[PDB]
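Here's run-v5.pdb, which has PDB, C-alpha atoms (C1' of nucleotides) and all ligand atoms:
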```
ATOM      1  CA  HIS G   3      18.540  17.016  30.429
ATOM      2  CA  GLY G   4      21.484  19.363  29.949
ATOM      3  CA  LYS G   5      22.030  22.234  27.505
ATOM      4  CA  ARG G   6      23.852  19.561  25.575
ATOM      5  CA  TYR G   7      20.291  18.475  24.972
ATOM      6  CA  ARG G   8      18.693  21.953  25.188
ATOM      7  CA  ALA G   9      20.552  23.129  22.077
ATOM      8  CA  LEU G  10      19.971  19.642  20.618
ATOM      9  CA  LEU G  11      16.169  19.424  20.149
ATOM     10  CA  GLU G  12      15.909  23.105  19.161
ATOM     11  CA  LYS G  13      17.517  22.087  15.831
ATOM     12  CA  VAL G  14      15.247  19.085  15.041
ATOM     13  CA  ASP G  15      11.621  18.604  13.976
ATOM     14  CA  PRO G  16       9.751  15.750  15.572
ATOM     15  CA  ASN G  17       6.973  17.849  14.049
ATOM     16  CA  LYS G  18       7.876  17.490  10.386
ATOM     17  CA  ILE G  19       7.889  13.899   9.144
ATOM     18  CA  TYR G  20      11.150  13.329   7.246
ATOM     19  CA  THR G  21      12.627  10.908   4.701
ATOM     20  CA  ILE G  22      15.677   8.715   5.253
ATOM     21  CA  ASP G  23      18.329  10.420   3.100
ATOM     22  CA  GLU G  24      17.176  13.661   4.709
ATOM     23  CA  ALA G  25      17.672  12.213   8.182
ATOM     24  CA  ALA G  26      20.953  10.312   7.683
ATOM     25  CA  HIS G  27      23.448  13.177   8.171
ATOM     26  CA  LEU G  28      21.620  14.690  11.171
ATOM     27  CA  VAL G  29      22.925  11.907  13.461
ATOM     28  CA  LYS G  30      26.479  13.139  14.174
ATOM     29  CA  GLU G  31      25.559  16.795  14.941
ATOM     30  CA  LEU G  32      22.993  16.121  17.671
ATOM     31  CA  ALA G  33      25.239  14.055  19.918
ATOM     32  CA  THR G  34      26.801  16.438  22.432
ATOM     33  CA  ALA G  35      28.063  13.239  24.072
ATOM     34  CA  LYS G  36      31.627  12.842  25.502
ATOM     35  CA  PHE G  37      32.401   9.654  23.881
ATOM     36  CA  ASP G  38      31.156   6.403  22.794
ATOM     37  CA  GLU G  39      28.094   6.793  20.605
ATOM     38  CA  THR G  40      26.542   3.680  19.175
ATOM     39  CA  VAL G  41      23.572   4.738  17.073
ATOM     40  CA  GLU G  42      20.084   3.306  17.585
ATOM     41  CA  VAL G  43      17.286   3.925  15.085
ATOM     42  CA  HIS G  44      14.015   2.659  16.483
ATOM     43  CA  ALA G  45      10.626   1.557  15.149
ATOM     44  CA  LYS G  46       7.286   0.797  16.799
ATOM     45  CA  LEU G  47       5.635  -2.330  15.382
ATOM     46  CA  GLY G  48       2.378  -3.460  13.789
ATOM     47  CA  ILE G  49       2.260  -6.862  15.475
ATOM     48  CA  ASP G  50       0.773  -8.610  18.488
ATOM     49  CA  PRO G  51       3.232 -10.191  21.014
ATOM     50  CA  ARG G  52       0.374 -11.830  22.965
ATOM     51  CA  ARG G  53       0.607 -14.637  20.403
ATOM     52  CA  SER G  54       4.078 -16.073  20.015
ATOM     53  CA  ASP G  55       3.101 -17.602  16.680
ATOM     54  CA  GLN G  56       3.825 -14.045  15.546
ATOM     55  CA  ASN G  57       7.190 -13.842  17.392
ATOM     56  CA  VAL G  58      10.460 -12.919  15.631
ATOM     57  CA  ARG G  59      14.273 -13.443  16.002
ATOM     58  CA  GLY G  60      17.635 -14.326  14.401
ATOM     59  CA  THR G  61      21.172 -12.971  14.005
ATOM     60  CA  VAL G  62      22.447 -11.391  10.800
ATOM     61  CA  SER G  63      25.699  -9.467  10.162
ATOM     62  CA  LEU G  64      25.350  -5.948   8.659
ATOM     63  CA  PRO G  65      27.500  -4.888   5.705
ATOM     64  CA  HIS G  66      30.446  -2.948   7.230
ATOM     65  CA  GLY G  67      30.510  -4.368  10.810
ATOM     66  CA  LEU G  68      30.036  -3.280  14.416
ATOM     67  CA  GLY G  69      33.000  -0.895  14.384
ATOM     68  CA  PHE G 163      16.891  -8.534  16.412
ATOM     69  CA  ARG G 164      13.909  -9.611  18.525
ATOM     70  CA  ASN G 165      10.472  -8.529  19.787
ATOM     71  CA  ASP G 166       9.839  -7.797  23.484
ATOM     72  CA  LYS G 167       6.581  -8.803  25.155
ATOM     73  CA  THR G 168       5.385  -5.254  24.428
ATOM     74  CA  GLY G 169       6.160  -5.497  20.691
ATOM     75  CA  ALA G 170       8.729  -2.862  19.644
ATOM     76  CA  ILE G 171      12.104  -3.109  17.888
ATOM     77  CA  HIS G 172      15.538  -3.669  19.454
ATOM     78  CA  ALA G 173      18.916  -3.661  17.659
ATOM     79  CA  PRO G 174      22.175  -1.609  17.338
ATOM     80  CA  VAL G 175      23.559  -1.078  13.817
ATOM     81  CA  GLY G 176      27.166  -0.292  14.780
ATOM     82  CA  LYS G 177      29.377   2.456  16.221
ATOM     83  CA  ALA G 178      28.909   6.155  15.286
ATOM     84  CA  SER G 179      32.072   5.467  13.409
ATOM     85  CA  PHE G 180      31.208   5.325   9.732
ATOM     86  CA  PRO G 181      30.329   8.895   8.474
ATOM     87  CA  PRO G 182      26.901  10.290   7.310
ATOM     88  CA  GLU G 183      26.769   8.776   3.779
ATOM     89  CA  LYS G 184      28.090   5.431   5.105
ATOM     90  CA  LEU G 185      24.943   5.629   7.255
ATOM     91  CA  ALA G 186      22.416   6.498   4.507
ATOM     92  CA  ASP G 187      24.192   3.657   2.643
ATOM     93  CA  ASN G 188      23.435   1.426   5.631
ATOM     94  CA  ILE G 189      20.086   3.115   6.452
ATOM     95  CA  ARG G 190      18.062   1.217   3.864
ATOM     96  CA  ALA G 191      20.260  -1.857   4.384
ATOM     97  CA  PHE G 192      19.259  -3.580   7.650
ATOM     98  CA  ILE G 193      15.475  -3.089   7.764
ATOM     99  CA  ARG G 194      14.797  -4.448   4.256
ATOM    100  CA  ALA G 195      16.765  -7.386   5.695
ATOM    101  CA  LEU G 196      14.644  -7.109   8.844
ATOM    102  CA  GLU G 197      11.173  -6.834   7.249
ATOM    103  CA  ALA G 198      11.599 -10.355   5.821
ATOM    104  CA  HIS G 199      10.487 -11.935   9.098
ATOM    105  CA  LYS G 200       6.850 -10.678   9.273
ATOM    106  CA  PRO G 201       4.413 -13.382  10.486
ATOM    107  CA  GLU G 202       1.244 -13.929   8.374
ATOM    108  CA  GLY G 203      -1.272 -13.070  11.086
ATOM    109  CA  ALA G 204       0.350  -9.677  11.594
ATOM    110  CA  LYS G 205      -2.460  -7.180  11.441
ATOM    111  CA  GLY G 206      -1.739  -3.781  10.026
ATOM    112  CA  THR G 207       1.124  -1.556   9.014
ATOM    113  CA  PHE G 208       4.251  -3.270  10.265
ATOM    114  CA  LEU G 209       6.615  -0.390  10.943
ATOM    115  CA  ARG G 210       4.504   1.974  13.008
ATOM    116  CA  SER G 211       7.061   4.779  13.233
ATOM    117  CA  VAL G 212      10.815   5.365  12.993
ATOM    118  CA  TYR G 213      12.799   7.918  14.971
ATOM    119  CA  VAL G 214      16.502   8.156  14.180
ATOM    120  CA  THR G 215      18.211   8.598  17.530
ATOM    121  CA  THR G 216      21.418   7.738  19.425
ATOM    122  CA  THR G 217      22.101   5.697  22.559
ATOM    123  CA  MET G 218      22.777   9.270  23.679
ATOM    124  CA  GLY G 219      20.400  11.424  21.613
ATOM    125  CA  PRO G 220      17.161  13.189  20.418
ATOM    126  CA  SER G 221      14.127  12.361  18.250
ATOM    127  CA  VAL G 222      13.259  13.373  14.656
ATOM    128  CA  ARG G 223      10.210  11.986  12.885
ATOM    129  CA  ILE G 224      11.646  10.122   9.874
ATOM    130  CA  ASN G 225      10.408   7.610   7.254
ATOM    131  CA  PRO G 226      11.843   4.085   6.713
ATOM    132  CA  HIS G 227      10.185   4.457   3.326
ATOM    133  CA  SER G 228      12.377   6.769   1.244
TER     134      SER G 228
ATOM    135  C1'   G X   1      26.948  -9.409  43.776
ATOM    136  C1'   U X   2      22.847 -14.674  46.728
ATOM    137  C1'   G X   3      18.105 -14.479  42.769
ATOM    138  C1'   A X   4      18.945 -14.904  37.142
ATOM    139  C1'   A X   5      16.901  -8.165  34.534
ATOM    140  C1'   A X   6      21.148  -3.619  35.688
ATOM    141  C1'   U X   7      20.762   0.313  38.373
ATOM    142  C1'   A X   8      24.455   5.921  32.853
ATOM    143  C1'   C X   9      22.882  10.152  29.087
ATOM    144  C1'   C X  10      19.147   8.364  25.390
ATOM    145  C1'   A X  11      15.370   6.607  22.262
ATOM    146  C1'   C X  12      11.417   3.116  20.658
ATOM    147  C1'   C X  13       7.516   0.956  23.612
ATOM    148  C1'   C X  14       3.972  -1.179  28.046
ATOM    149  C1'   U X  15       0.822   0.501  32.150
ATOM    150  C1'   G X  16      -2.264   3.786  34.857
ATOM    151  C1'   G X  17      -2.183   9.309  35.492
ATOM    152  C1'   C X  18      -2.158  14.345  34.910
ATOM    153  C1'   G X  19      -1.292  18.301  31.489
ATOM    154  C1'   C X  20      -1.967  20.953  26.724
ATOM    155  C1'   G X  21      -4.078  20.933  22.180
ATOM    156  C1'   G X  22      -6.702  18.606  17.853
ATOM    157  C1'   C X  23     -11.274  15.905  16.113
ATOM    158  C1'   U X  24     -15.013  15.565  19.818
ATOM    159  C1'   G X  25     -19.604  12.606  22.269
ATOM    160  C1'   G X  26     -22.611  13.314  26.906
ATOM    161  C1'   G X  27     -24.861  16.057  30.965
ATOM    162  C1'   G X  28     -26.333  20.997  33.995
ATOM    163  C1'   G X  29     -27.494  26.379  34.690
ATOM    164  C1'   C X  30     -28.940  31.052  32.774
ATOM    165  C1'   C X  31     -30.492  34.094  28.470
ATOM    166  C1'   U X  32     -34.250  35.594  24.177
ATOM    167  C1'   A X  33     -34.903  36.268  19.323
ATOM    168  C1'   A X  34     -37.055  31.472  16.383
ATOM    169  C1'   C X  35     -41.595  28.436  17.729
ATOM    170  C1'   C X  36     -46.059  28.252  21.216
ATOM    171  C1'   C X  37     -49.685  30.825  24.592
ATOM    172  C1'   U X  38     -51.551  35.497  26.025
ATOM    173  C1'   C X  39     -52.456  41.175  26.504
ATOM    174  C1'   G X  40     -59.726  46.870  25.368
ATOM    175  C1'   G X  41     -53.606  48.396  23.192
ATOM    176  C1'   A X  42     -49.447  45.327  19.562
ATOM    177  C1'   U X  43     -42.743  47.586  14.051
ATOM    178  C1'   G X  44     -45.030  46.242  21.339
ATOM    179  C1'   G X  45     -45.765  44.081  26.410
ATOM    180  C1'   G X  46     -46.098  39.489  29.554
ATOM    181  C1'   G X  47     -45.678  33.932  30.055
ATOM    182  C1'   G X  48     -43.328  29.357  28.206
ATOM    183  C1'   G X  49     -38.801  28.614  25.331
ATOM    184  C1'   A X  50     -34.689  26.341  21.868
ATOM    185  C1'   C X  51     -38.241  22.774  25.224
ATOM    186  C1'   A X  52     -43.023  21.891  23.105
ATOM    187  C1'   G X  53     -45.194  21.529  18.296
ATOM    188  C1'   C X  54     -44.444  20.179  13.135
ATOM    189  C1'   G X  55     -41.139  17.368   8.838
ATOM    190  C1'   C X  56     -37.885  13.024   7.493
ATOM    191  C1'   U X  57     -36.071   8.933  10.008
ATOM    192  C1'   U X  58     -35.351   4.583  14.357
ATOM    193  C1'   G X  59     -36.948   0.900  17.344
ATOM    194  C1'   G X  60     -41.243  -0.414  20.534
ATOM    195  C1'   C X  61     -46.342  -1.171  22.837
ATOM    196  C1'   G X  62     -50.445  -1.781  19.906
ATOM    197  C1'   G X  63     -58.103  -6.446  18.768
ATOM    198  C1'   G X  64     -58.990   0.413  18.960
ATOM    199  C1'   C X  65     -59.325  -1.078  13.649
ATOM    200  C1'   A X  66     -58.107  -4.331   8.919
ATOM    201  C1'   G X  67     -57.282  -8.684   5.999
ATOM    202  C1'   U X  68     -57.254 -13.621   6.729
ATOM    203  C1'   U X  69     -55.754 -18.720   8.683
ATOM    204  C1'   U X  70     -58.062 -22.009  11.956
ATOM    205  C1'   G X  71     -56.263 -29.923   7.840
ATOM    206  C1'   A X  72     -58.221 -34.690   6.401
ATOM    207  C1'   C X  73     -60.096 -39.800   7.793
ATOM    208  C1'   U X  74     -64.602 -40.701  10.309
ATOM    209  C1'   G X  75     -70.697 -46.474  10.012
ATOM    210  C1'   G X  76     -73.560 -38.193  10.764
ATOM    211  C1'   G X  77     -70.535 -34.412  13.038
ATOM    212  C1'   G X  78     -67.847 -33.201  17.245
ATOM    213  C1'   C X  79     -65.044 -35.341  21.298
ATOM    214  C1'   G X  80     -61.466 -39.431  21.134
ATOM    215  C1'   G X  81     -58.149 -42.081  17.942
TER     216        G X  81
HETATM  217 MG    MG C   1     -35.232  30.035  32.092
HETATM  218 MG    MG C   2     -40.312  35.596  25.051
HETATM  219 MG    MG C   3     -38.555  35.964  29.650
HETATM  220 MG    MG C   4     -43.953  38.103  22.438
HETATM  221 MG    MG C   5     -41.917  37.266  26.066
HETATM  222 MG    MG C   6     -38.091  20.121  19.165
HETATM  223 MG    MG C   7     -60.450  -9.187  13.694
HETATM  224 MG    MG C   8     -51.454  -8.271  16.652
HETATM  225 MG    MG C   9     -59.698 -11.448  -0.346
HETATM  226 MG    MG C  10     -64.088 -33.637   7.644
HETATM  227 MG    MG C  11     -67.238 -47.156   8.230
HETATM  228 MG    MG C  12     -74.645 -45.091  11.334
HETATM  229 MG    MG C  13     -69.742 -40.980  13.858
HETATM  230 MG    MG C  14     -61.011 -34.593  16.196
HETATM  231 MG    MG C  15     -58.784 -35.298  18.355
END
```

Let me see the structure of the file written as structure tokens.
Ligand SMILES: [Mg+2]
Ligand SMILES: [Mg+2]
Ligand SMILES: [Mg+2]
Ligand SMILES: [Mg+2]
Ligand SMILES: [Mg+2]
Ligand SMILES: [Mg+2]
Ligand SMILES: [Mg+2]
Ligand SMILES: [Mg+2]
Ligand SMILES: [Mg+2]
Ligand SMILES: [Mg+2]
Ligand SMILES: [Mg+2]
Ligand SMILES: [Mg+2]
Ligand SMILES: [Mg+2]
Ligand SMILES: [Mg+2]
Ligand SMILES: [Mg+2]
Amino acid sequence: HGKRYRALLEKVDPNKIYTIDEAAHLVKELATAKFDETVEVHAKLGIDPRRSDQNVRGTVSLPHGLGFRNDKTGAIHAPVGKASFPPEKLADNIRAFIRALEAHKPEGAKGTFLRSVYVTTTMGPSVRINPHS
RNA sequence: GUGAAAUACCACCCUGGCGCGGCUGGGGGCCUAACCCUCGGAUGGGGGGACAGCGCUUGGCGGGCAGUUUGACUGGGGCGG
């Protein structure tokens, strides 16, 4: 990685677990990218893909616009928009989509459903952050 | 573009791997100081040595011992039924 990214992860704690208002404004500083950032915030899952009775999908439209499914390995995939909308239009949206997403949990899903969440970019670094609060 | 998956900087993951560290389980070697043996002598020497022995605990072999069980009918009883 470049010094774009060498100055990047010197300013973030994957070490310290963080909350989601804490981590909402840290998204637009850590992209040293040219261009074009669509933000991706990712979560590992508490479910088993090896049974498709527990499989998940659909298409919903987020509140302010562009600007979900499980793989066979069982993690989360979806873009929430363009970098676009500023830090507190993110925190506004940051509790929005997942509380819409959680609704789809199958019954035979064993254990804590959101295993972790790292706010990141299509271009950028990893902070340990909580979907919780 | 004839394979359906796209060959970007990123994450979140799969799979084996190595690395570091955290909680760690298992082996091996040496040591002596507990513990054990010993020494005309000993607050010491020599030998064994964290084994062995002993406590609590686990599962097992276990007539060497112990307590008992080992039915009724029945032309006696058993055998047979
Ligand atoms: Mg030795
Ligand atoms: Mg000795
Ligand atoms: Mg010695
Ligand atoms: Mg001695
Ligand atoms: Mg000695
Ligand atoms: Mg012992
Ligand atoms: Mg007897
Ligand atoms: Mg017996
Ligand atoms: Mg009696
Ligand atoms: Mg009789
Ligand atoms: Mg008779
Ligand atoms: Mg008779
Ligand atoms: Mg008779
Ligand atoms: Mg008889
Ligand atoms: Mg008989």

Item to check | Interface residues on chain G facing chain X, 9 Å, only C-alpha atoms (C1' of nucleotides), written as a PyMOL selection string | outcome: chain G and resi 3+35+42-46+167-172+211-221

Checklist entry - If you apply the PyMOL selection byres (((not hetatm)) within 9 of (chain C and resi 3)) to this file, what residues do you get, as a list in words? => result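 Listing what the PyMOL selection byres (((not hetatm)) within 9 of (chain C and resi 3)) selects in the shown file: residues 31, 32, 46, 47, 48 and 49 of chain X.
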
Dump as JSON lines the rows for residues of chain X within 10 Å of ligand MG 6 (chain C): closest atom pair and distance in Å with one decimal, only C-alpha atoms (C1' of nucleotides) and all ligand atoms counted, ordered by chain and rising residue number.
```
{"residue": "X:35", "atom": "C1'", "partner": "C:MG6", "partner_atom": "MG", "distance": 9.1}
{"residue": "X:50", "atom": "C1'", "partner": "C:MG6", "partner_atom": "MG", "distance": 7.6}
{"residue": "X:51", "atom": "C1'", "partner": "C:MG6", "partner_atom": "MG", "distance": 6.6}
{"residue": "X:52", "atom": "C1'", "partner": "C:MG6", "partner_atom": "MG", "distance": 6.6}
{"residue": "X:53", "atom": "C1'", "partner": "C:MG6", "partner_atom": "MG", "distance": 7.3}
{"residue": "X:54", "atom": "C1'", "partner": "C:MG6", "partner_atom": "MG", "distance": 8.8}
```

Next on the checklist: Once the PyMOL selection byres (((not hetatm)) within 10 of (chain C and resi 15)) has been evaluated on this model, what residues remain selected, and can you format them as a PyMOL selection string?
Outcome noted: chain X and resi 78-81

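Taking atom CA of residue 52 of chain G as the reference point, atom CA of residue 197 of chain G is found at 19.7 Å.
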
Item to check | Contacts with ligand MG 11 (chain C) at most 12 Å, all atoms listed in the file counted, listed as a list in words | outcome: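 Counting all atoms listed in the file, the residues within 12 Å of ligand MG 11 (chain C) come out as residues 73, 74, 75 and 76 of chain X.
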
Next on the checklist: Just the number, please: distance in Å from atom CA of residue 12 of chain G to atom CA of residue 26 of chain G, one decimal.
Outcome noted: 17.9 Å

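We find atom CA of residue 178 of chain G and atom CA of residue 9 of chain G to be spaced 20.1 Å apart.
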
Next on the checklist: For residue 8 of chain G, find every residue with an atom within 12 Å (counting only C-alpha atoms (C1' of nucleotides)), except residues of its own chain fewer than 2 positions away, and show them as a list in words.
Outcome noted: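 Counting only the stated atoms, we get residues 3, 4, 5, 6, 10, 11, 12, 13, 14, 32, 33, 34, 219 and 220 of chain G.
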
Same residues, C-alpha atoms, output as a JSON list (two decimals), in the frame of the given file:
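Below is the file part_23.json, written as the result:
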```json
[["chain", "number", "residue", "atom", "x", "y", "z"],
["G", 3, "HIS", "CA", 18.54, 17.02, 30.43],
["G", 4, "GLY", "CA", 21.48, 19.36, 29.95],
["G", 5, "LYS", "CA", 22.03, 22.23, 27.50],
["G", 6, "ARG", "CA", 23.85, 19.56, 25.58],
["G", 10, "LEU", "CA", 19.97, 19.64, 20.62],
["G", 11, "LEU", "CA", 16.17, 19.42, 20.15],
["G", 12, "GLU", "CA", 15.91, 23.10, 19.16],
["G", 13, "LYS", "CA", 17.52, 22.09, 15.83],
["G", 14, "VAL", "CA", 15.25, 19.08, 15.04],
["G", 32, "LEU", "CA", 22.99, 16.12, 17.67],
["G", 33, "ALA", "CA", 25.24, 14.06, 19.92],
["G", 34, "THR", "CA", 26.80, 16.44, 22.43],
["G", 219, "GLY", "CA", 20.40, 11.42, 21.61],
["G", 220, "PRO", "CA", 17.16, 13.19, 20.42]]
```

Using all atoms listed in the file, what are the residues with an atom within 12 Å of ligand MG 9 (chain C), set out as a PDB file with C-alpha atoms (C1' of nucleotides), in the coordinates of the input?
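That gives us out-v6.pdb:
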```
ATOM      1  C1'   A X  66     -58.107  -4.331   8.919  1.00  0.00           C
ATOM      2  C1'   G X  67     -57.282  -8.684   5.999  1.00  0.00           C
ATOM      3  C1'   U X  68     -57.254 -13.621   6.729  1.00  0.00           C
TER       4        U X  68
END
```
